[PDB]
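Note that we place each Cβ from the backbone using ideal geometry, even for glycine, and neighbour counts take in every protein chain shown. Just so you know, all these numbers are worked out from the coordinates, no wet-lab data involved.
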Amino acid sequence: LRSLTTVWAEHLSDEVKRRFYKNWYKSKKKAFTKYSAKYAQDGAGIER
Amino acid sequence: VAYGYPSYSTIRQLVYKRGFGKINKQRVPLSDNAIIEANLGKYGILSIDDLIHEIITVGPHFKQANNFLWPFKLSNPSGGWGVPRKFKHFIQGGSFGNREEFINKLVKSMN
Amino acid sequence: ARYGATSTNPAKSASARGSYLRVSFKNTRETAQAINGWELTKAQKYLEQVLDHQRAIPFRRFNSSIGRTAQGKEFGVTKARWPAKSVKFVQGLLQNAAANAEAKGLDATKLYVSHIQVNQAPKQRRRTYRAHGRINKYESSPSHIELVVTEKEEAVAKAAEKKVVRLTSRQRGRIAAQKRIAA
Amino acid sequence: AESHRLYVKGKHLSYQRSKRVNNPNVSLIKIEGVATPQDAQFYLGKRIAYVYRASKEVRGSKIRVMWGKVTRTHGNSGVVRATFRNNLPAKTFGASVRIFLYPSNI
Amino acid sequence: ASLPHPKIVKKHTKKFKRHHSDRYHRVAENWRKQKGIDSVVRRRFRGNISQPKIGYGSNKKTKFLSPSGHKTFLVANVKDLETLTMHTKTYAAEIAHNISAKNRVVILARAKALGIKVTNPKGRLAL
Amino acid sequence: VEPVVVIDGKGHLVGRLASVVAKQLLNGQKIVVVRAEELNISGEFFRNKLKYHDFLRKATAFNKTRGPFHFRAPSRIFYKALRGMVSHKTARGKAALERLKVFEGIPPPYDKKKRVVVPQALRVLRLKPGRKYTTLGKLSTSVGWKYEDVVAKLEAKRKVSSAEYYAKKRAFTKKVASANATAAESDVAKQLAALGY
Amino acid sequence: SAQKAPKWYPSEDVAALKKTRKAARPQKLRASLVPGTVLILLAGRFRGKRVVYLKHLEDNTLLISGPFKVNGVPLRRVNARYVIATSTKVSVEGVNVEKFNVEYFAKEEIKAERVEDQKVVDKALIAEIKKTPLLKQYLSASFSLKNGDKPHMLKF
RNA sequence: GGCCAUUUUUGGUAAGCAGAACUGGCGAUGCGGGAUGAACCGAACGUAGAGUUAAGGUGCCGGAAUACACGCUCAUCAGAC
RNA sequence: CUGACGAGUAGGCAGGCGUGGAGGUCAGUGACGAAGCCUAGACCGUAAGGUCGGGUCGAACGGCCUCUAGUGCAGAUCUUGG
RNA sequence: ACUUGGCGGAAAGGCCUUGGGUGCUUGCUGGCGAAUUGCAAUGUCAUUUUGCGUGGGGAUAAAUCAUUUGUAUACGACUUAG
């Protein structure tokens, strides 16, 4: 098997945004900004 | 050894190509007729065909005419020996022994 | 007054030696490699942190059976160590070369430690006492340090020679056969 | 015209060898399109050039050539013993090479 | 120029180093015949070093000749060099390793006017 | 003479393909052997099963990891049968085995290119009719290759995606055949027939 | 003395060469070179070109002309060994080829006498060439090996 | 201080055992082949170039015909000198 | 000038390379720098080895014809020093 | 080189198709030039990456050490927190 695509949610909580940083306190917490801006349209990329 | 019965052609080609002489030993090439003349005019022989004639027509002075020639130094055969193994008899499929007239073929690949 | 192989300008450099120092040679070599090539202010602010166990000296050549450590992750090496006596005898020479550069009229912002080497000194023999009445040596391995600091400078631009060419007649007969066609 | 090739392309092979020796003086060439020794009797004497690129540009170019010639045939499948002026560097085993059409027999 | 001499063939140009000249520092690189019972250089196997032997001797027409074609000859003073006035394009001078620089300019100024080739004119030049 | 020689592995013999492929790599040809799971071995199925189960017992005593590696894929059975030919412990052998690519099925850079066969390696041009043979998919499956059906599924896709193409070619050549009928009886076709073409 | 002077000094007297027995003798070309044969040049600036053969010179070379109005290959020496000789012929009679010699070429713009002799030869050559079909186009082409061309099988 | 091998051979059940006889070697001997092996096959070596071969081989490693020809053999322990 | 021939341990003989010192000679070299040392710089000799250039250095040393020997090193669980 | 849509995930990164624009046409007949590179010596016509200059688009963070944790630990490592 081979993962070809993965689709994330719209607004992830602060429990999985804390999973993607080793140092949560210094970080600018900028995970999934340019991905959650893909719901700004009608979702044509995400429906794709 | 491989021996046989040479014809006139192979004797002629050997004495013209690989035939050398023994002059106080001194293996000397038989280029001129003056060598054979000055070394065997005691014995009648005075040209190179006189040596070939004392070879093939085995004559009274064959011993000295043969012993004047240095032994021939042949190549390896230019077509192979014809067999996979030399050291069986020519009757069993090798090379050694009596092969009578076919010796001519082998000598014309070694000359 | 002879030093190692230096490819630096002796006008803009300052030197400090400190011979026959009873230190550890295998630890002074590693702190001399750890200091090497850095700017002198970064060097003196690094060696004041080695003494506080804040940053470690990377043991690279003389490093077998050393305990691996975490601070060596700064330099990619598991095995590192904090040689306090060696770093004291190195930073003494650093302030000595800083003073010898201030006495020569050099600007202390462009200094980088350029040439620093250590090499073995005559060993100081003492003696152990071992089982069944033997005696084996117990020797110091003191060091000869030396270092040379230099003001760094820029604009070493890459102008070079002309490289005169040996092209043949039948090559220029094609090169000039294109100005009649295109160029 | 898209083709300018006046050479038959061939492949360098191993040196002249036994199982356990090798003679670097006489190289083996596998000419394309040749299958018999009677066919490989044509390419005798024809000049072979190996062509390779280099780092230091000398004489106005980066491409350096080693020359040589075909000497004799080899095997019953059209291999060709060829010598060179300086022998091929034993790293080109599987490299293309150019059997030119001169000295012309025809 | 020189004498008309044939193409200078130098059968083995590589130097016959000793066996194990590299592996040990005590074993110098000067040649010694291997003499062991088990030895493989005396017994001349394949892939082992080649020994000096009389087959590698040079041609007597081109022996002792430099690649310019002249036999070299050590010259201490001016009187030794004037033993080569007759033979200019057969021998070539070569100035020794203990001649001072006040005499090398004299020897070179003489060998220029006598046409004798010096194989080291650049020794101890006062540039 | 091509830059890459793509070989359809179907209906060939493992050793007799491996010999010619190993010799063509050592001369400077790039060879990709596609569809290696339909490759053949002489002898019945159980002869080759007990020749692989006598290879599968040969690991290192003290550490089973570092021993011989018993690859199960048919492309890797063929690759083991190939790299025993090429002297792979040199550098010439490594630059030989880097010219080779052996796959299972036909991956989709290589399904659009023409696939050749090696006639001195086919099972039909070598074996006497009556001798049993062994398709390498069966042999690899009974020693633990997990993916046979999956490859079959993809093959059961691609032939369809090829066969339509074949119609999309073949009818086209039908039209070309009519063109090769309408150029006849002219002067130029007779002059081409005079010069052989 | 820092080196003992030797006893015998080999004399500087050069010897003459021995009287050699090697006479000069005119070249006999191969059986496929006849004046008028269309040649294919194989090397030099004009490789691959097709050219018309003329008078055999006396320095073991061949004199060829294109004609220059067709392909661009002027009156030029080309060695006989770097040339594939095809089978086609043109009639060579009617051209005053015998003016040319080895003295006519010498390394020391283009001399106008060469242009004049070029045009004088090429007018008669093109007047001969126009009699056969397609040969004017054939000389203006180049030769090149296509794929699957085996030159031990190709009959020129 | 010897050893090995062919033919003859004594003792011994037998030996890569002990002891004799003819010759050849190895010891002192490289080299090409027997995948490796002091003595088996070939052939005994100054330094190089060219050609032809010996013993062995020509699917691939490995240079050389997956040559030609007539048959035999299928081995859930092939056989390859 | 011509011809033949060229494995070799133990061993025998010959021609030679090197070292300390002695008689002779080159009216030899030399503090405008001898000997020594270093030198992936060079030349010669089959080889022992000889020679030159560069750096270092600080006062003596070589070529040849002969004489003489406490004369040549990878190994001796070799000696001393490191 | 634009454009139009469809198909292709096994390693799709390619294939097919629409409408124009520009260029060439050896499909056929022509005119000029192509010499001197001087009798062969690749007659230099593939690329890939690093780096540096210019122009035009886009975005503006992490990790480690030190402190801490004990579901982890000889040391590192691991899991945590600020």
Which fully enclosed helices (runs of 4 or more DSSP H) of region F:1-101 have 1 or more residues being surrounded by 15 or more Cβ atoms within 10 Å (Cβ to Cβ) and among the small types (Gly, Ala, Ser)? F:14-25, F:74-83, F:94-97
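Conditions (1) more than 16 Å from RNA strand H (Cβ to nearest atom); (2) part of a loop (DSSP other than H, G, I, E, B), marked per residue:
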{"site": "E:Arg44", "(1), (2)": "no, yes"}
{"site": "E:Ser58", "(1), (2)": "no, yes"}
{"site": "E:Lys63", "(1), (2)": "no, yes"}
{"site": "E:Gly69", "(1), (2)": "yes, yes"}
{"site": "E:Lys79", "(1), (2)": "yes, no"}
{"site": "E:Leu84", "(1), (2)": "yes, yes"}
{"site": "E:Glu94", "(1), (2)": "yes, no"}
{"site": "E:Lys102", "(1), (2)": "yes, no"}
{"site": "E:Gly123", "(1), (2)": "yes, yes"}
Single condition D:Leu44 does not satisfy, out of (1) loosely packed, with under 12 Cβ neighbours inside 10 Å; (2) within 13 Å of another protein chain (Cβ to nearest Cβ); (3) of a type outside the set (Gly, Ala, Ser); (4) part of a loop (DSSP other than H, G, I, E, B): (1)
C:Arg130: more than 16 Å from RNA strand I (Cβ to nearest atom) and under 43 Å from the mean Cα position of the chain (by Cα), yes or no? yes
Selected residue (only one of G:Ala16, G:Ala85 is more than 14 Å from chain E (Cβ to nearest Cβ) and either of a type outside the set (D, E, K, R) or over 30 Å from E:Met86 (Cα atoms) (or both)): G:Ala85
Return the residues of region E:111-121 that are among the charged types (D, E, K, R) and either under 7 Å from E:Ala93 (Cβ atoms) or part of a loop (DSSP other than H, G, I, E, B) (or both); say none if nothing qualifies. E:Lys117
Within region G:55-80, track down each residue that is closer than 26 Å to D:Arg47 by Cβ, buried (at least 16 other Cβ atoms within 10 Å of the Cβ) and of a type in the set (D, E, K, R). G:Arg76
Kindly evaluate D:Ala54 against the criterion of being on the phi < 0 side of the Ramachandran plot and within 14 Å of chain F (Cβ to nearest Cβ). no
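For every residue, the table says whether it meets (1) within 14 Å of chain D (Cβ to nearest Cβ); (2) of a type in the set (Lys, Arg); (3) in contact with a strand residue (DSSP E or B) (Cβ under 9 Å, 6 or more places away or on another chain).
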| site | (1), (2), (3) |
| --- | --- |
| G:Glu93 | no, no, no |
| G:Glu103 | no, no, no |
| G:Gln118 | no, no, yes |
| G:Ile126 | no, no, no |
| G:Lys130 | no, yes, no |
| G:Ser144 | yes, no, no |
Taking region D:47-88 and keeping only residues that are small (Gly, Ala, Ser) and either within 10 Å of D:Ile29 (Cβ to Cβ) or surrounded by 14 or more Cβ atoms within 10 Å (Cβ to Cβ) (or both), one is left with D:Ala49, D:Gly68, D:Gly78, D:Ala82
Could you list all residues from region B:7-38 that are assigned to a helix (DSSP H, G or I) and surrounded by fewer than 18 Cβ atoms within 10 Å (Cβ to Cβ)? B:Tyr8, B:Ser9, B:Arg12, B:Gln13, B:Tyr16, B:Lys17, B:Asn33, B:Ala34, B:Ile35, B:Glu37, B:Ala38
Answer yes if at least one residue in region C:27-41 is in contact with a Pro (Cβ under 8 Å, 6 or more places away or on another chain), among the β-branched types (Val, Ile, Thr) and part of a helix (DSSP H, G or I), and no otherwise. yes
Name the helices (runs of 4 or more DSSP H) wholly inside region B:39-111 in which the number of residues that are out of contact with any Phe, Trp or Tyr (no Cβ under 6 Å at 6 or more places or on another chain) and polar (S, T, N, Q) is 2 or more. B:62-68, B:103-110
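This table checks each residue for (1) over 13 Å from F:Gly9 (Cα atoms); (2) within 16 Å of RNA strand J (Cβ to nearest atom); (3) of a type in the set (A, V, I, L, M).
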residue	(1), (2), (3)
F:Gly84	yes, no, no
F:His88	yes, no, no
F:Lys101	no, yes, no
F:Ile106	no, yes, yes
F:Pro119	no, no, no
F:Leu122	no, no, yes
